[PDB]
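> Based on what follows, work out the 3D shape:
(one chain, ligands or ions: 1)
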Amino acid sequence: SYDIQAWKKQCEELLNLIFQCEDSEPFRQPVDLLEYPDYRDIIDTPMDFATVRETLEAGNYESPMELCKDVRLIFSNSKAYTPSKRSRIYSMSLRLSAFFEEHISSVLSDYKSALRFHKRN
Ligand SMILES: CC1=Nc2ccc(C(=O)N3CCN(C(=O)NC(C)(C)C)CC3)cc2C1(C)C
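Numbers count the residues shown, from 1 in each chain. Pasting the structure now:
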């Protein structure tokens with residue numbers, strides 16, 4: 001399975017699954033600062049799933065590693081803002097992160113394999 005391009009639709013389908021998860025709702029849109037006016041003192045680089053889907057559809061990711069870095073930022077940014085490791089939203093982020101890591105592993109493996117095969121000779 002050496003298709004160098006296959007990651008892109010694979011990542012589109014996984015983002016569709018994440019948007020279907022109730023656990024995604026808080027992380028779907030860029031954080032609103034009216035409810036959280038201190039956010040940009042705590043979080044240097046805001047990220048959300050709509051930004052990730054738009055970046056993908058724009059043709060502005062070169063690899064599934066770059067998309068994975070952005071998605072992991074959504075979860076590190078969630079971990080950075082939680083006052084309690086027993087926060088509802090933080091707990092939502094931990095479950096969605098486990099779901100995401102479970103599904104992205106084959107995408108990364110298949111892509112890195114395809115690129116090694118491309119440079120075999
Ligand atoms: C994505 C996210 N992930 C999490 C995780 C936890 C919370 C959360 O429950 N809190 C309480 C309220 N906070 C506040 O800013 N208040 C202070 C007292 C610090 C001033 C801190 C975050 C909010 C979010 C969002 C931004 C939606």
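
> When you work out contacts or count neighbours from here on, use the C-alpha atoms and nothing else.
Noted.

> Give me the distance between the helix or strand residue 79 falls within and the centre of its chain.
Element membership for residue 79 (DSSP states H and E) is helix 64-81. Its chain's C-alpha centre and that of helix 64-81 lie 6 Å apart, by C-alpha atoms, centre = their mean, to the nearest Å.

> could you check whether it is close to the ligand?
Yes: Helix 64-81 lies within reach of the ligand by C-alpha under 6 Å from any ligand atom, at 78, 81.

> Sort out which residues of that helix are buried, please.
Neighbour-count burial for helix 64-81, counted by 16 or more other C-alpha atoms under 10 Å, picks out 64-65, 67-68, 70-71, 73-75, 77-79.

> give the contact list for residue 117.
Going by C-alpha atoms under 8 Å, 6 or more residues apart in numbering, residue 117 touches residue 2.

> Specify the angle between the helix or strand harbouring it and helix 64-81 in degrees.
Following DSSP H and E, one finds residue 117 within helix 88-118. Orientation of helix 88-118 against helix 64-81 (axes from the mean of the first three to the mean of the last three C-alpha atoms, to 10 degrees) gives an angle of 160 degrees.

> May I see the buried residues of helix 88-118?
Within helix 88-118, the residues scored as buried using 16+ other C-alpha under 10 Å are 89-93, 96-97, 100, 104, 107-108, 110-112, 114.

> Next to the ligand in this structure, residues from this structure, please.
Contact residues, the chain versus the ligand (C-alpha under 6 Å from any ligand atom): 26-27, 31, 36, 78, 81-83, 87, 89-90.

> And the residues you listed, which is closest to residue 55?
Nearest to residue 55 among these, counting by C-alpha to C-alpha, is residue 27 at 15.7 Å.

> Appreciated, that's everything.
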